Structure formats: structure tokens, C-alpha cells
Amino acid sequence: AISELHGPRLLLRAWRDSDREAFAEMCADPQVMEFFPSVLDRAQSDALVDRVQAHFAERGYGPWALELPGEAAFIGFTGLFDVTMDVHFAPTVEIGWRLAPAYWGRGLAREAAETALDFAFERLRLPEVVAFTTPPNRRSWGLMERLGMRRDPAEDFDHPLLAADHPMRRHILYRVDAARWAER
């Protein structure tokens, strides 16, 4: 019984079998996956969706599927994922987002994130939500700072689930706490 969340334009909902085709197309898109190690095949796409469903089943929240009523059934995901890996800022909850390029430049990731963080702070009453990306992924960390999240460059970290010499290992960390979120 996953709780659906509404924004002006977006419905943040549980994933459905019919989303897997659309999400597979996104995951096969080199523009969507530019700042990730590689594009995913259908098998790898479906495996990510399985982890999302598992997260929802365990925690009652997760990276929500993004529906746009009056327009499109599925445009990607935005939502929360518990951080359990061996990093300095664990344990905590992260926020992440992936949109079909057709829906870029419309403030839809912004709106989805505002809906997710409202849930995070008003409903779950989390003390903090984090987000991390690579320096070249400016669309991603641009959104983080526009949402009012803030980065300390001293908190730059090597991702523990990548090789020690991996060229995409260096990540930057953004944080927003309940006070900062309530204040903006």
C-alpha cells in the first residue's frame, strides 16, 4: 500500500510492469546515462526496477515513478534511497532523479524533488536528506543547489562501490536539513 504524492503537474507513484519498457529506453539513452559508467540493457534496467520495488516494500518510500496526468504515463523517477554503503555521511537518506530528455528544461525534476523533500521532512520527519553526483554532471548538482541543498567541497569523496583508480570515482556531496528546507 505505497502512498502516492501529488505536485501541480506530477504524480509520484509506485512502479508498474508497463513502466519497464519506457525506463529501459531511458537507460539505453547515452544522453540520460552520460555521467554513469555505461548505458544499461533491458536485463540491467529491470534489475534496477527490482531494487526500487524492494526498497518500497521494505521502507514504504523510494525513487517514485513520475506520471504526468494529461500528458504521459512515465517520464522517469525522482525520490528517496537510504544510504547504507561505507561513506563518511552514512547512515542517511539520499534524493536522486532521472528524466526522459523530452521532459528536460520544464522544472519537472525540480517539482518532483520539492514533492519528495516535502514528504521527507513533513511526513517521514527525516533530520537530513543528501544528494551526490560527479563534478561534470552540472544539470544534476545545478538542481541540488537550486533546491537549496548546499555543498562543502571538503566532503568530496571516492565512491566505495567503484574501483580505487576508477575515472568517475570522485563525487561531490550536497546536504539539506529540516531547518534549511523549512526556511526556504
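Start at 1 with the first residue shown and count on from there. In this text, the rigid core denotes the largest set of C-alpha atoms whose superposition between the two forms falls within 1.5 Å.
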Legend entry - Higher-deviation segment by CA RMS in 4 other deposited structures of this protein, core fitted, 41-49 or 28-36: 28-36
Inset, instruction - May I ask which stretch, 11-19 or 161-169, sits farther from the shown form in 4 other deposited structures of this protein once every structure is superposed on the core, judging by RMS CA distance? - result: 161-169
Legend entry - Between the two ranges 10-18 and 160-168, the one averaging a larger CA B factor in the entry: 160-168
Inset, instruction - Mind pulling up the entry and telling me whether 81-89 or 94-102 has the higher mean Cα temperature factor? - result: 81-89
Inset, instruction - Have a look at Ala116, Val130, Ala154, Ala28 and flag the one whose Cα has the highest B-factor in the entry. - result: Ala28
Inset, instruction - In terms of CA temperature factor as recorded, identify the highest of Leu66, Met149, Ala43, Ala120. - result: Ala43
Inset, instruction - Please rank the C-alpha B-factors of the chain's modelled residues and tell me whether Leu143 sits in the lowest, middle or highest third. - result: lowest
Inset, instruction - Going by the recorded CA B-factors, say which third of the chain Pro37 sits in, lowest, middle or highest. - result: highest
